[PDB]
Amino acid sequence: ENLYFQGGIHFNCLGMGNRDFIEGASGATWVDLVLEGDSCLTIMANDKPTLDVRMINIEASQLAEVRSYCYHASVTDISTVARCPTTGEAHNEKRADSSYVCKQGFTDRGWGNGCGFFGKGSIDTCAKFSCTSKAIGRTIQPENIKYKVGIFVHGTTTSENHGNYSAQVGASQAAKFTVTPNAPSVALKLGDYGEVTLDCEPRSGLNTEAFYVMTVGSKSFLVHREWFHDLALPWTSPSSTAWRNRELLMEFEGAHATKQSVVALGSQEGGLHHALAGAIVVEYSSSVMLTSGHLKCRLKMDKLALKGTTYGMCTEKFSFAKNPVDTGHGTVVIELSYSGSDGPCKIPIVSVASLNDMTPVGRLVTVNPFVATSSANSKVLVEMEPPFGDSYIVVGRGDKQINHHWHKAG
């Protein structure tokens, strides 16, 4: 696919409002995760590159109609047949046309309006019903659900490309894969970092017998099933193609002598949206429905390796392309510019408590940061967790070395 000319996706964590950090046991082969749809996980493990994993969305396909409800009807071609008192029931011939809704009644008759006898004359009034606009309720089967999950390895990035999916796939540093009930475990390679396996239990986060997907006009919703069954609207189903309870959208008004008007209610769409005010909204424009939720998984990392743990250290001078800023997640991010051209090469960077005391404090989130190109003045983003209080970010070695002060409150 041409990702370079497709829309971006949220596939990693920096900049997102909701972010959780996960620390995997040192040496452990697996880490247990719950992907929540509005959030993002950063996974850090000793001797492992750092990962972002996040659910992108949940898709359902091939949904089956259960019932359709008319919410806006047209009512046309009204007629009334009437009879005199004592002559029995009126029968309008449109009773033979399944498209018509008919109702019997009575009107006052006498000499004055054409009857030899005084009393109640039978009338029968029919009108053609058609559905102008209908809402549709559908079921999802679990086999037709797909979870799209993004993964990102904290390799070399820049402030410009860090969140760009086509750039990180280009760098072999991101990927997007699909777990389903029938295929709930997936292995993918991550460039020079080996592979991971996502071993998930999709069925545990599914409740497809609890709801219907209901489309109303331009919106679709997840609705409680019994609420859907008791809607007071005309309906059809696959096993019952003709509209039943069509009178619900019709008003047979007061009859006089031999005439009676029948009108349609206005659209019931707005009433429906009102009733659905607090219901889950889902995207259901195409044949595919998109929603969000939870997915429990185990992330396997025994085949996940460090990359370039054998490059040489960068030898030339760095500078701060962007001075450190708090990410809002308890971490600090910088962007470095590297003047050298021996790249790719490892960035010497540490937090120390003072320049007297060059003892490493804190730690990197972008573990093993590296310049990835021989181009001079390239950029590398580095995310880190300094300690509380005063420390200095120290980049490079010797007298090439630069530092920036930082203070973390608390």
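The first residue of the sequence shown is number 1, and the count goes up from there.
Asks: State which stretch shows the higher mean Cα B factor in the entry: 221-229 or 183-191.
Replies: Mean CA B-factor is higher for 183-191.
Asks: Mean CA B-factor: is it higher for 161-169 or for 196-204?
Replies: That would be 196-204.
Asks: Just the C-alpha B-factor column, please: which of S375, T366, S39, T42 has the biggest number?
Replies: In the PDB entry, the greatest C-alpha B-factor among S375, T366, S39, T42 is found at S375.
Asks: Highest Cα B-factor in the PDB entry belongs to which of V361, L381, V53, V66?
Replies: Top of the list by C-alpha B-factor: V361.
Asks: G308: which third of its chain by C-alpha temperature factor?
Replies: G308: CA B-factor falls in the highest third of its chain.
Asks: How does the C-alpha B factor of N57 compare with the rest of the chain: lowest, middle or highest third?
Replies: CA B-factor rank for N57: lowest third.
Asks: When the modelled residues of the chain are sorted by Cα temperature factor, does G266 land in the lowest, middle or highest third?
Replies: Tercile = lowest for this residue's CA B-factor.
Asks: Ordered by C-alpha B-factor within the chain, which third holds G343? Give me lowest, middle or highest, please.
Replies: Highest third of the chain for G343's C-alpha B-factor.
Asks: Can you work out whether the C-alpha temperature factor of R19 puts it in the lowest, middle or highest third of the chain?
Replies: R19: CA B-factor falls in the middle third of its chain.
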